[PDB]
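To keep things clear, I will list the structure first and then write my remarks on it.
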Amino acid sequence: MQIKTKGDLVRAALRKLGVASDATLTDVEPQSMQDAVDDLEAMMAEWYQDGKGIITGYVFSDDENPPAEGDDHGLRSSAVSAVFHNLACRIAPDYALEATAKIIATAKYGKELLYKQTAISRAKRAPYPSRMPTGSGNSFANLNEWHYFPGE
Amino acid sequence: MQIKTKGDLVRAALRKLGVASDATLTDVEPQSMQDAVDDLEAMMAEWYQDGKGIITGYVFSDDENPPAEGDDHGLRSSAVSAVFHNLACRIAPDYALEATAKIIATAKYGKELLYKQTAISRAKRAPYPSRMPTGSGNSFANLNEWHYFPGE
Amino acid sequence: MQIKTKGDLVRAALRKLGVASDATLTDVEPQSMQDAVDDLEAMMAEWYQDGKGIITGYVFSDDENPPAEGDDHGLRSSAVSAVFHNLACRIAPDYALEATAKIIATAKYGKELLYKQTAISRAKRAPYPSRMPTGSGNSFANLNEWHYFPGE
Amino acid sequence: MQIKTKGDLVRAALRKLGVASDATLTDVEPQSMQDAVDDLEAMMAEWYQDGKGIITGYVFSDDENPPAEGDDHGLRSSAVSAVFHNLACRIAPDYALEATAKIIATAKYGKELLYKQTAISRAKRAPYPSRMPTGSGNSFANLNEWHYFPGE
Amino acid sequence: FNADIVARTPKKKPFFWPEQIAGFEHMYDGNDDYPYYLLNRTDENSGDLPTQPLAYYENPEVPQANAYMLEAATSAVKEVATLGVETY
Amino acid sequence: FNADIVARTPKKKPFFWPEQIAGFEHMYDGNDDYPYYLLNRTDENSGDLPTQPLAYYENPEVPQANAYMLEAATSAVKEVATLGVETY
């Protein structure tokens, strides 16, 4: 993918909003880019609720490294579009703007697709209760005195 | 995260509202920042109902320390975003404004995600009533004269 | 908290309405502040129906002390926001104004949170009726001739 | 088909939006073409969720080859229309535009037709459960001690 | 055929959007350690999650045709498998 | 199969939004120290909480196919396991 850094995601979001692009004649101040990177980091931290939210492979930059822009986001190829569409939606209010309906629909669809695989992986059935017998059909379990399921 | 102080949250909220930013040519008076910090402290006190509300790790400043702005909020990485978003919705009426729909939606989503883990932790089932027998299956309890559940 | 007096609450309410603030160039006459303090006292008396209403710790000033403004309100940290939001809503009609939707929503939420703990504390189940037997299972009561519940 | 490259898809999408064409007098900057190609790659990666999404035969370009535009997309003849219609819908917000109703309807229809065959192929019935007997009618299985279905 | 209905048929479970139960998936796995079930309510793009009554997969059912035909065939075999009235 | 329904199936409990019962979670744990249940009503952003009738997880049920086929299998074994009319 050509989008390999956090700043690349920021530029993609700004191009989506029409605020700035590599084709326009006026580009935003680098402070605006830093603010957008901060918004992206906050959003990603909010999504990734310390491992109990949306898993994306995003790499959170540290304070020791000076430039937040320039580090690889670490996202997979299938996650970039959703991330930068949601970023455009989130940073639209900064410029007294409002993301168009297509951007909002794409952001919703991308977030759903982002969480689809994790939701599939988290649909796990609980084990048998501790008060449930194994049954006489399980000859191996019954010969070894395992009459009831362990549980937990 | 780069948002490490209460004033950073206030600046993020003001940037969200479009009132002021590090890119604009006119910034708000420091008294406006102090008022926003006071509003943030009041909102955090309201949310954290002396420990029976929303737990976020926010650190309440004391009167002995002069500058309320400058102390770390103590929030986690996932909690920051929601906070300042809500802050925007609470300080928009000061400047005769109204936060856009995206800001309100993000504030609702962030508050819900903030309380999600505490709600999971507080879904505790009550113990057995004091009038409920343990049963003869519980051989250990029955042999030690524990025929009924304690309760409370 | 930096809001420690009745006048601080009045100033916060006026700032929330956009009427006056420490940043504006024209502040209201001190008579307007006195009128707002009177409105706050009336509202607090109405809420606190001689102890049968909303309990907040608010301290009612006496006639002997000349300045009603200047005394600590005595509210908790979590009650200040609701109080001053409701005060802004109540004093908006004086200046031919109308509080915005966010202020009204915050006032409703704050009042609900204010009464939440008292409502929890007041949900007390009535004792057993005077005509209800204790039952033979209660050996201690039956041996002491307490065959029926006292009641009241 | 005359649409054999990624840039051909981008040009078809731009023509569908009325932004640029081989008949107009002003064509978009090549940077706009590169941005559209990046959007197409992101959309294709999102659709093709590492093989668990929409299978189309699209070939993802590598970083070693300099020009992303110029490589054959590898799509089938029946997939080109849906791809470039969805691309036009996705890149419309860049130019402060909104795709007309016909383009959106064609994009929906094309995506449905794109996933139709894969949905048919993925409607596979699960095998018999491990606890289900084969039955005495299956003489071959019963003579070979296969009294129960394997499962999994 | 009826046996095939009993074994190879999805059973009655709720229909959920993945975002409705995001973060609460351990509440629905079948344990009994919670007093209720929690559902997500807000969406950062749509404001609020759409309202739709919970839909459950229908329980497997033997068709009226299958039961009627099983009864009819059993009755027919019962009536026709009578030698004479006795084996005189 | 039916036994698996009794053990591994979520029980009948209410469906709650976390904000609906925020602060009243001790009222729904199963104790009997309160005369009623309290619900949060207001929201600081949406003004008022949306209205939606309380939904409960459906009780576990044995499918009609399972009961019908169990009865049919038991009847078939009853009818076929008759030596002669007597072991003459």
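Read-outs: derived from the displayed coordinates by stated rules, not from any lab. Virtual Cβ from ideal backbone geometry, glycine too; neighbours counted across all protein chains shown.
Among chain D residues, the one whose Cβ is nearest the axis of the rotation from D to A, given with its distance rounded to whole Å, is D:101, 24. Amide H contacts of residue A:148: A:134, each under 5 Å away and 5 or more positions distant or on a separate chain (H built 1.01 Å from N in the peptide plane; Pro and chain starts excluded). Inter-chain neighbour count for D:132-139: the average number of beta-carbon atoms from partner chains within 10 Å of each residue's beta-carbon is 1. How far is helix B:101-121 tilted, in degrees, relative to the longest principal axis of the Cα atoms in chain B, given as a value from 0 to 90 rounded to the nearest 10? Orientation of helix B:101-121: about 30 degrees from the principal axis.
DSSP loop (so not H, G, I, E, B), at most 10 other Cβ within 10 Å: list which GluC sites (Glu not before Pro) in the stretch B:29-84 pass both filters.
Values: sites: B:41, B:46, B:64, B:69; in loops: B:64, B:69.
Here the GluC sites (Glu not before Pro) that fit, given the DSSP loop and packing criteria, are B:64.
Computed from backbone phi with θ = phi - 60° and the Karplus coefficients 6.51, -1.76 and 1.60, the 3J(HN,Hα) list for the stretch B:37-44 is 5, 4, 4, 4, 5, 5, 5, 5 Hz; x is used for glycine and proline.
Evaluating 6.51 cos²θ - 1.76 cosθ + 1.60 at θ = phi - 60° for every residue in the stretch C:28-33, the Karplus couplings come out as 5, 5, x, 5, 5, 4 Hz, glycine and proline recorded as x. Ordering C:140, C:84 from the fewest to the most neighbouring beta carbons within 10 Å gives C:140, C:84.
Once you sort the root eigenvalues of the Cα gyration tensor of chain E as a ≥ b ≥ c, which label holds: rounded (a/c under 1.5), prolate (a/b larger than b/c) or oblate (the other case)?
Details: a/c = 6.09, a/b = 3.64, b/c = 1.67.
Cα axes put chain E in the prolate bin.
Label point of residue C:72 (7 Å along Cα→beta-carbon): distances to the other copies' equivalent points are 3.0, 5.8, 8.3 nm, sorted ascending. Cross-link partners for residue C:4 among the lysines, with Cα-Cα distance under 29 Å and sequence neighbours closer than 8 places in the same chain left out: B:4, B:6, B:52, B:111, C:16, C:52, C:102, C:108, C:111, C:116. Sorted from shortest to longest, the distances between the residue F:61 label points of this copy and the other copies are 0.9 nm, with each point 7 Å from Cα along the line through the beta carbon.
Of the trypsin sites (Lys or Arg not before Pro) in the stretch F:1-64, which ones lie in a loop per DSSP and count no more than 14 other C-beta atoms within 10 Å?
On the way: sites: F:8, F:11, F:12, F:41; in loops: F:8, F:11, F:12, F:41.
Those satisfying the criteria are F:11, F:12, F:41.
Shielding of peptide A:17-29 by partners, expressed as the average count of other chain Cβ atoms within 10 Å per residue Cβ, is 3.
Each of B:85, A:73 was scored by other Cβ atoms within 10 Å of its Cβ. Listed from fewest to most, they are A:73, B:85. Per residue, chain D reaches -14000 deg cm²/dmol at 222 nm when only DSSP H runs of four or more residues are counted, each adding -39500 (n - 2.57).
Need the C-alpha centroid separation for the stretch F:74-88 versus the stretch D:34-100, integer Å. Going from one Cα centre to the other spans 70 Å. Between residue B:142 and residue E:54, the modelled label-to-label distance comes to 3.6 nm, taking each label 7 Å out from Cα in the direction of the beta carbon.
In what sequence do C:61, B:81 fall when counting other Cβ within 10 Å, fewest first? Let's see the in-between values first.
Details: C:61 16, B:81 30.
So the residues, fewest neighbours to most, are C:61, B:81.
Chain F comes nearest to the axis taking it onto chain E at the Cβ of one residue; that residue and its distance, in whole Å, are F:53, 17. Axis of helix B:6-17 versus longest Cα principal axis of chain B: the two differ by about 70°, to the nearest ten degrees. Quick one: which residues, 5 or more positions from residue F:13 or on another chain, have an amide H under 5 Å from its amide H? H modelled 1.01 Å from N in the peptide plane, none for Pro or chain starts. Those qualifying (amide H under 5 Å, at least 5 residues apart or on another chain) are F:57.
Could you give the dipole magnitude of the protein assembly as shown about its Cα centre, charging the beta-carbon of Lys and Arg +1 and that of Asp and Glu -1, in debye to the nearest 20? Provide the component values of the computation, followed by the final result.
Values: 76 positive and 112 negative charges, 802 e Å.
Computed about the Cα centre, the dipole is about 3860 debye.
Distances between copies at residue D:97, taken between label points 7 Å from Cα along the C-beta direction, are 1.7, 3.3, 4.7 nm in increasing order.
What angle do you read, to the nearest 10 degrees and between 0 and 90, between the alpha-carbon axis of helix C:80-91 and the longest principal axis of chain C? Once rounded, the angle reads 60 degrees. Rounded to the nearest Hz, the phi-derived 3J(HN,Hα) couplings of the stretch F:65-74 under the Karplus curve 6.51 cos²θ - 1.76 cosθ + 1.60 (θ = phi - 60°) are 4, 5, 5, 4, 6, 5, 4, 5, 5, 4, where x marks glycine and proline.
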